[PDB]
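For reference, entry.txt (compact mmCIF, N, CA, C and O atoms):
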# COMPACT_ATOMS: atom_id res chain seq x y z
N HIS A 109 7.30 128.16 159.34
CA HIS A 109 8.11 127.72 158.21
C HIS A 109 9.42 128.50 158.15
O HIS A 109 10.47 127.95 157.79
N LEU A 110 9.39 129.78 158.53
CA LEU A 110 10.60 130.60 158.65
C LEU A 110 11.53 130.11 159.75
O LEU A 110 12.76 130.11 159.56
N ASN A 111 10.99 129.73 160.91
CA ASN A 111 11.83 129.14 161.95
C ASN A 111 12.49 127.88 161.42
O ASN A 111 13.69 127.65 161.63
N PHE A 112 11.72 127.05 160.71
CA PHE A 112 12.29 125.84 160.14
C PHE A 112 13.31 126.15 159.06
O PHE A 112 14.24 125.37 158.82
N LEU A 113 13.19 127.30 158.39
CA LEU A 113 14.19 127.69 157.40
C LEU A 113 15.49 128.14 158.05
O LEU A 113 16.58 127.81 157.56
N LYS A 114 15.41 128.89 159.15
CA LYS A 114 16.61 129.14 159.94
C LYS A 114 17.20 127.83 160.44
O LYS A 114 18.43 127.70 160.55
N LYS A 115 16.34 126.84 160.71
CA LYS A 115 16.82 125.51 161.05
C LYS A 115 17.57 124.87 159.88
O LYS A 115 18.60 124.22 160.08
N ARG A 116 17.06 125.03 158.65
CA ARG A 116 17.79 124.54 157.48
C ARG A 116 19.16 125.20 157.39
O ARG A 116 20.16 124.56 157.03
N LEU A 117 19.19 126.51 157.64
CA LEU A 117 20.46 127.23 157.64
C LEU A 117 21.44 126.60 158.62
O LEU A 117 22.54 126.17 158.23
N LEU A 118 21.03 126.49 159.88
CA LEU A 118 21.85 125.89 160.92
C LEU A 118 22.17 124.43 160.66
O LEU A 118 23.10 123.89 161.27
N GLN A 119 21.41 123.76 159.79
CA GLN A 119 21.58 122.34 159.53
C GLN A 119 22.58 122.06 158.42
O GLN A 119 23.39 121.14 158.53
N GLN A 120 22.54 122.83 157.32
CA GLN A 120 23.48 122.49 156.26
C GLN A 120 24.71 123.39 156.26
O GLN A 120 25.76 123.00 155.72
N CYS A 121 24.63 124.59 156.85
CA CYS A 121 25.83 125.42 156.94
C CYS A 121 26.89 124.76 157.81
O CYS A 121 28.09 124.83 157.50
N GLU A 122 26.48 124.12 158.90
CA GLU A 122 27.43 123.49 159.80
C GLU A 122 28.10 122.28 159.16
O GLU A 122 29.33 122.14 159.20
N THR A 123 27.30 121.38 158.58
CA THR A 123 27.83 120.15 158.00
C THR A 123 28.75 120.43 156.81
O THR A 123 29.95 120.16 156.89
N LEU A 124 28.19 120.99 155.74
CA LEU A 124 28.88 121.24 154.47
C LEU A 124 29.94 120.19 154.12
O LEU A 124 31.13 120.50 154.05
N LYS A 130 31.79 131.71 146.18
CA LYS A 130 30.83 132.72 145.76
C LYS A 130 29.66 132.05 145.06
O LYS A 130 29.74 130.87 144.74
N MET A 131 28.56 132.76 144.85
CA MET A 131 27.58 132.28 143.89
C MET A 131 27.30 133.28 142.78
O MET A 131 27.28 132.90 141.60
N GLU A 132 27.06 134.55 143.11
CA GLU A 132 26.90 135.54 142.04
C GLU A 132 28.17 135.63 141.21
O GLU A 132 28.11 135.59 139.97
N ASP A 133 29.33 135.71 141.86
CA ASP A 133 30.59 135.71 141.13
C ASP A 133 30.77 134.42 140.36
O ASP A 133 31.25 134.44 139.22
N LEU A 134 30.41 133.28 140.95
CA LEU A 134 30.53 132.02 140.21
C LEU A 134 29.67 132.05 138.95
O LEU A 134 30.12 131.64 137.88
N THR A 135 28.44 132.55 139.05
CA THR A 135 27.58 132.60 137.87
C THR A 135 28.16 133.51 136.79
O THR A 135 28.26 133.12 135.61
N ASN A 136 28.58 134.72 137.17
CA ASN A 136 29.09 135.66 136.17
C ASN A 136 30.38 135.16 135.54
O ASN A 136 30.54 135.20 134.31
N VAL A 137 31.32 134.66 136.35
CA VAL A 137 32.58 134.18 135.77
C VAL A 137 32.39 132.87 135.03
O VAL A 137 33.13 132.57 134.09
N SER A 138 31.38 132.08 135.41
CA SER A 138 31.07 130.86 134.66
C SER A 138 30.57 131.21 133.27
O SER A 138 31.01 130.62 132.27
N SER A 139 29.66 132.18 133.18
CA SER A 139 29.24 132.64 131.86
C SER A 139 30.40 133.25 131.08
O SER A 139 30.56 132.98 129.88
N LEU A 140 31.22 134.07 131.74
CA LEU A 140 32.35 134.70 131.07
C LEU A 140 33.29 133.65 130.49
O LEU A 140 33.68 133.73 129.33
N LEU A 141 33.64 132.64 131.29
CA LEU A 141 34.43 131.53 130.80
C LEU A 141 33.69 130.71 129.75
O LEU A 141 34.34 130.07 128.92
N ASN A 142 32.36 130.73 129.76
CA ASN A 142 31.60 130.01 128.73
C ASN A 142 31.80 130.65 127.36
O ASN A 142 32.13 129.95 126.39
N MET A 143 31.62 131.96 127.25
CA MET A 143 31.97 132.56 125.95
C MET A 143 33.48 132.61 125.72
O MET A 143 33.90 132.65 124.55
N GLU A 144 34.30 132.59 126.76
CA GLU A 144 35.74 132.46 126.53
C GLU A 144 36.07 131.12 125.89
O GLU A 144 36.89 131.05 124.97
N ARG A 145 35.41 130.04 126.33
CA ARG A 145 35.64 128.74 125.71
C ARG A 145 34.93 128.61 124.37
O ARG A 145 35.32 127.79 123.54
N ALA A 146 33.89 129.41 124.14
CA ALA A 146 33.34 129.50 122.78
C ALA A 146 34.36 130.12 121.83
O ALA A 146 34.65 129.57 120.76
N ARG A 147 34.92 131.27 122.23
CA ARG A 147 36.03 131.86 121.50
C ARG A 147 37.17 130.86 121.38
O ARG A 147 37.88 130.82 120.37
N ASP A 148 37.34 130.01 122.40
CA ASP A 148 38.40 129.00 122.39
C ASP A 148 38.16 127.91 121.36
O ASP A 148 39.11 127.48 120.70
N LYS A 149 36.93 127.41 121.23
CA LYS A 149 36.71 126.40 120.20
C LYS A 149 36.79 127.05 118.82
O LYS A 149 37.13 126.39 117.83
N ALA A 150 36.48 128.34 118.74
CA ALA A 150 36.78 129.08 117.52
C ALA A 150 38.28 129.09 117.22
O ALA A 150 38.68 128.84 116.08
N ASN A 151 39.12 129.36 118.23
CA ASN A 151 40.56 129.30 118.01
C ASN A 151 41.01 127.88 117.69
O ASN A 151 41.99 127.68 116.97
N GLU A 152 40.33 126.89 118.25
CA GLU A 152 40.67 125.50 117.96
C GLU A 152 40.35 125.12 116.52
O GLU A 152 41.18 124.51 115.86
N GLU A 153 39.16 125.47 116.02
CA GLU A 153 38.87 125.21 114.61
C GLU A 153 39.79 126.03 113.71
O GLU A 153 40.17 125.57 112.63
N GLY A 154 40.15 127.24 114.13
CA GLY A 154 41.12 128.01 113.38
C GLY A 154 42.49 127.37 113.31
O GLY A 154 43.01 127.13 112.22
N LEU A 155 43.07 127.07 114.47
CA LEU A 155 44.42 126.51 114.53
C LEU A 155 44.47 125.11 113.93
O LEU A 155 45.41 124.78 113.21
N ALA A 156 43.47 124.28 114.23
CA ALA A 156 43.46 122.92 113.70
C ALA A 156 43.31 122.93 112.19
O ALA A 156 44.02 122.20 111.49
N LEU A 157 42.40 123.75 111.66
CA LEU A 157 42.24 123.81 110.21
C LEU A 157 43.45 124.44 109.53
O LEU A 157 43.84 124.00 108.44
N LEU A 158 44.05 125.47 110.13
CA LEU A 158 45.25 126.07 109.56
C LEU A 158 46.43 125.11 109.60
O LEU A 158 47.20 125.03 108.64
N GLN A 159 46.57 124.36 110.69
CA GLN A 159 47.60 123.33 110.76
C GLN A 159 47.31 122.21 109.77
O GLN A 159 48.24 121.64 109.20
N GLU A 160 46.04 121.90 109.54
CA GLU A 160 45.69 120.85 108.58
C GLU A 160 45.97 121.29 107.15
O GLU A 160 46.42 120.49 106.33
N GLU A 161 45.71 122.56 106.82
CA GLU A 161 46.05 123.01 105.47
C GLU A 161 47.55 123.23 105.31
O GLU A 161 48.08 123.01 104.22
N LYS B 315 48.85 123.04 119.75
CA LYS B 315 48.59 123.15 118.32
C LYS B 315 49.31 124.35 117.71
O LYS B 315 49.83 124.24 116.59
N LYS B 316 49.35 125.48 118.42
CA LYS B 316 50.10 126.63 117.94
C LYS B 316 51.60 126.37 117.89
O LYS B 316 52.25 126.78 116.92
N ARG B 317 52.15 125.69 118.90
CA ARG B 317 53.54 125.24 118.81
C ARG B 317 53.72 124.24 117.68
O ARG B 317 54.71 124.30 116.95
N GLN B 318 52.76 123.32 117.52
CA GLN B 318 52.78 122.43 116.37
C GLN B 318 52.65 123.19 115.06
O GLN B 318 53.26 122.80 114.06
N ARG B 319 51.86 124.27 115.04
CA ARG B 319 51.77 125.09 113.84
C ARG B 319 53.10 125.75 113.52
O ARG B 319 53.50 125.81 112.35
N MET B 320 53.80 126.25 114.54
CA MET B 320 55.12 126.84 114.32
C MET B 320 56.11 125.80 113.82
O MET B 320 56.92 126.08 112.93
N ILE B 321 56.06 124.59 114.38
CA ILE B 321 56.95 123.53 113.92
C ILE B 321 56.64 123.12 112.49
O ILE B 321 57.57 122.89 111.70
N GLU B 322 55.36 123.02 112.13
CA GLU B 322 54.99 122.64 110.77
C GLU B 322 55.37 123.71 109.77
O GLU B 322 55.86 123.40 108.67
N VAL B 323 55.17 124.99 110.12
CA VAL B 323 55.63 126.07 109.27
C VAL B 323 57.15 126.08 109.15
O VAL B 323 57.68 126.33 108.06
N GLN B 324 57.86 125.81 110.25
CA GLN B 324 59.30 125.66 110.17
C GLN B 324 59.69 124.53 109.23
O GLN B 324 60.62 124.69 108.43
N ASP B 325 58.98 123.41 109.30
CA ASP B 325 59.11 122.39 108.27
C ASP B 325 58.64 122.90 106.92
O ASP B 325 59.28 122.64 105.90
N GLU B 326 57.53 123.65 106.89
CA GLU B 326 57.02 124.20 105.64
C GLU B 326 57.96 125.25 105.05
O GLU B 326 58.06 125.34 103.82
N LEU B 327 58.63 126.04 105.88
CA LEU B 327 59.67 126.92 105.37
C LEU B 327 60.87 126.12 104.87
O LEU B 327 61.39 126.38 103.78
N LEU B 328 61.30 125.13 105.65
CA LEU B 328 62.37 124.25 105.20
C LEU B 328 61.95 123.44 103.98
O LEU B 328 62.75 123.26 103.05
N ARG B 329 60.71 122.95 103.95
CA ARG B 329 60.22 122.22 102.79
C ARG B 329 60.18 123.12 101.56
O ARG B 329 60.51 122.69 100.46
N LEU B 330 59.76 124.37 101.74
CA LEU B 330 59.71 125.32 100.63
C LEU B 330 61.11 125.61 100.09
O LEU B 330 61.32 125.63 98.88
N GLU B 331 62.07 125.84 100.99
CA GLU B 331 63.44 126.09 100.55
C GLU B 331 64.03 124.88 99.84
O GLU B 331 64.65 125.00 98.78
N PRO B 332 63.82 123.69 100.41
CA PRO B 332 64.32 122.46 99.79
C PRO B 332 63.67 122.20 98.45
O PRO B 332 64.34 121.79 97.50
N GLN B 333 62.36 122.44 98.34
CA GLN B 333 61.66 122.23 97.08
C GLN B 333 62.09 123.25 96.03
O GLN B 333 62.20 122.92 94.85
N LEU B 334 62.35 124.49 96.45
CA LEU B 334 62.85 125.49 95.51
C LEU B 334 64.23 125.12 94.99
O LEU B 334 64.48 125.17 93.78
N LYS B 335 65.13 124.72 95.89
CA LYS B 335 66.45 124.28 95.46
C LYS B 335 66.39 123.04 94.58
O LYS B 335 67.08 122.97 93.56
N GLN B 336 65.54 122.07 94.94
CA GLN B 336 65.35 120.85 94.17
C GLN B 336 64.76 121.12 92.80
O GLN B 336 65.18 120.50 91.82
N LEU B 337 63.81 122.05 92.70
CA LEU B 337 63.24 122.39 91.40
C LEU B 337 64.22 123.18 90.54
O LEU B 337 64.24 123.02 89.32
N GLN B 338 65.03 124.04 91.16
CA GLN B 338 66.08 124.73 90.43
C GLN B 338 67.05 123.72 89.85
O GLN B 338 67.43 123.79 88.68
N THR B 339 67.45 122.75 90.68
CA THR B 339 68.33 121.67 90.25
C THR B 339 67.67 120.83 89.17
O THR B 339 68.33 120.40 88.23
N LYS B 340 66.36 120.59 89.30
CA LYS B 340 65.59 119.83 88.33
C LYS B 340 65.60 120.50 86.97
O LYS B 340 65.88 119.86 85.96
N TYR B 341 65.29 121.80 86.94
CA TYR B 341 65.30 122.54 85.69
C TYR B 341 66.70 122.60 85.09
O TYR B 341 66.86 122.39 83.88
N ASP B 342 67.72 122.86 85.91
CA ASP B 342 69.08 122.94 85.41
C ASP B 342 69.54 121.59 84.85
O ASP B 342 70.13 121.53 83.76
N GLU B 343 69.28 120.51 85.58
CA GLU B 343 69.67 119.18 85.13
C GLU B 343 68.89 118.75 83.90
O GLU B 343 69.47 118.17 82.98
N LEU B 344 67.59 119.04 83.86
CA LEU B 344 66.78 118.76 82.69
C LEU B 344 67.40 119.44 81.48
O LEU B 344 67.81 118.75 80.53
N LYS B 345 67.50 120.77 81.51
CA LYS B 345 68.11 121.49 80.41
C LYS B 345 69.46 120.89 80.03
O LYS B 345 69.61 120.34 78.93
N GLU B 346 70.41 120.90 80.96
CA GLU B 346 71.77 120.47 80.65
C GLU B 346 71.79 119.05 80.11
O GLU B 346 72.10 118.83 78.93
N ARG B 347 71.43 118.07 80.93
CA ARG B 347 71.52 116.67 80.53
C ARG B 347 70.68 116.33 79.31
O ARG B 347 71.21 115.76 78.35
N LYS B 348 69.38 116.65 79.31
CA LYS B 348 68.50 116.28 78.21
C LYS B 348 68.84 116.98 76.90
O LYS B 348 68.81 116.33 75.85
N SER B 349 69.17 118.28 76.91
CA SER B 349 69.38 119.00 75.67
C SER B 349 70.83 119.00 75.20
O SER B 349 71.05 119.03 73.99
N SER B 350 71.81 118.92 76.10
CA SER B 350 73.20 118.94 75.70
C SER B 350 73.53 117.77 74.79
O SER B 350 73.90 117.96 73.62
N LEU B 351 73.38 116.54 75.28
CA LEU B 351 73.68 115.35 74.49
C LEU B 351 72.80 115.25 73.25
O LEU B 351 73.32 114.92 72.18
N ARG B 352 71.51 115.56 73.36
CA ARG B 352 70.62 115.56 72.21
C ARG B 352 71.01 116.65 71.21
O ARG B 352 70.53 116.66 70.07
N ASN B 353 71.84 117.60 71.64
CA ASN B 353 72.39 118.59 70.72
C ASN B 353 73.89 118.40 70.49
O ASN B 353 74.33 118.44 69.34
N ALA B 354 74.67 118.20 71.55
CA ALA B 354 76.11 118.01 71.36
C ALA B 354 76.42 116.64 70.77
O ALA B 354 76.97 116.56 69.67
N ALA B 355 76.06 115.56 71.46
CA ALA B 355 76.26 114.23 70.93
C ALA B 355 75.56 114.02 69.59
O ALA B 355 76.03 113.21 68.79
N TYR B 356 74.45 114.72 69.35
CA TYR B 356 73.90 114.77 68.01
C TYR B 356 74.84 115.51 67.06
O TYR B 356 75.40 114.90 66.14
N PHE B 357 75.06 116.80 67.30
CA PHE B 357 75.83 117.62 66.37
C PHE B 357 77.29 117.20 66.27
O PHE B 357 77.83 117.14 65.16
N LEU B 358 77.94 116.91 67.40
CA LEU B 358 79.34 116.51 67.37
C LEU B 358 79.50 115.23 66.55
O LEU B 358 80.44 115.10 65.76
N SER B 359 78.57 114.29 66.73
CA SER B 359 78.54 113.12 65.86
C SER B 359 77.98 113.43 64.48
O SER B 359 78.44 112.84 63.50
N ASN B 360 77.01 114.34 64.38
CA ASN B 360 76.54 114.78 63.07
C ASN B 360 77.60 115.56 62.31
O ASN B 360 77.71 115.42 61.09
N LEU B 361 78.39 116.38 63.01
CA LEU B 361 79.58 116.96 62.42
C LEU B 361 80.59 115.89 62.03
O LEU B 361 81.21 116.00 60.96
N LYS B 362 80.78 114.87 62.87
CA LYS B 362 81.54 113.70 62.46
C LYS B 362 80.84 112.98 61.31
O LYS B 362 81.48 112.55 60.35
N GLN B 363 79.51 112.84 61.40
CA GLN B 363 78.76 112.26 60.29
C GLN B 363 78.86 113.14 59.05
O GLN B 363 78.81 112.65 57.92
N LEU B 364 79.01 114.46 59.24
CA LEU B 364 79.24 115.34 58.11
C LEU B 364 80.66 115.20 57.59
O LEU B 364 80.88 114.74 56.47
N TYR B 365 81.65 115.54 58.43
CA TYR B 365 83.02 115.65 57.95
C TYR B 365 83.62 114.29 57.63
O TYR B 365 84.11 114.06 56.51
N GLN B 366 83.60 113.37 58.58
CA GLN B 366 84.20 112.05 58.38
C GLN B 366 83.40 111.22 57.39
O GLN B 366 83.90 110.84 56.33
With the file now loaded, output its structure as structure tokens.
Amino acid sequence: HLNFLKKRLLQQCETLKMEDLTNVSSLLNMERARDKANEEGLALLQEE
Amino acid sequence: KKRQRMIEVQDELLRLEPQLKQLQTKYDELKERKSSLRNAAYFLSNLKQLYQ
């Protein structure tokens, strides 16, 4: 099964970050949470 | 939205200045026009109604 897994490697690597993608995706997730907070702030302040 | 907020406040600052000037004019015109004639045209004619 390990030989076949090296085969999977050789099979999809040829055809075609992750830890950084996960961390920066979460970071941008709370950044956009802070962003919708700024949106409700700015939109409501502009509305008043 | 923040640029729109600055533009609206710029209108709101201009609106505030215009409303302040308009209300000052409103109070001045109210006093002058409404009370002058009701006092001058009253009294000047009442003085005429008195003397003449």
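We find atom CA of residue 325 of chain B and atom CA of residue 158 of chain A to be spaced 14.4 Å apart.
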| What is the atom CA of residue 318 of chain B to atom CA of residue 156 of chain A distance in Å? | 9.7 Å
Counting only C-alpha atoms, what are the residues of chain B within 10 Å of chain A, and for each of them which pair of atoms is the nearest and at what distance in Å, to one decimal? Sort the table by chain and rising number, as CSV.
residue,atom,partner,partner_atom,distance
B:315,CA,A:155,CA,6.6
B:316,CA,A:155,CA,6.6
B:318,CA,A:159,CA,7.7
B:319,CA,A:159,CA,5.5
B:320,CA,A:159,CA,9.0
B:321,CA,A:159,CA,9.9
B:322,CA,A:159,CA,7.4
B:323,CA,A:159,CA,8.6
Step by step, gather every atom of segment 344-354 of chain B that the file lists, find the box along x, y and z that holds them, add 4 Å on each side, and finally give centre and edge lengths in Å to one decimal, as AutoDock Vina command-line options.
--center_x 71.9 --center_y 118.2 --center_z 76.6 --size_x 18.2 --size_y 14.6 --size_z 22.5
| task | Could you jot down the atom C of residue 139 of chain A to atom O of residue 121 of chain A separation for me, Å, one decimal place? | result | 27.8 Å
| task | DSSP on the backbone, then: every residue of chain B marked alpha helix (DSSP H), written as an NGL selection string. | result | :B and (316-343 or 350-365)
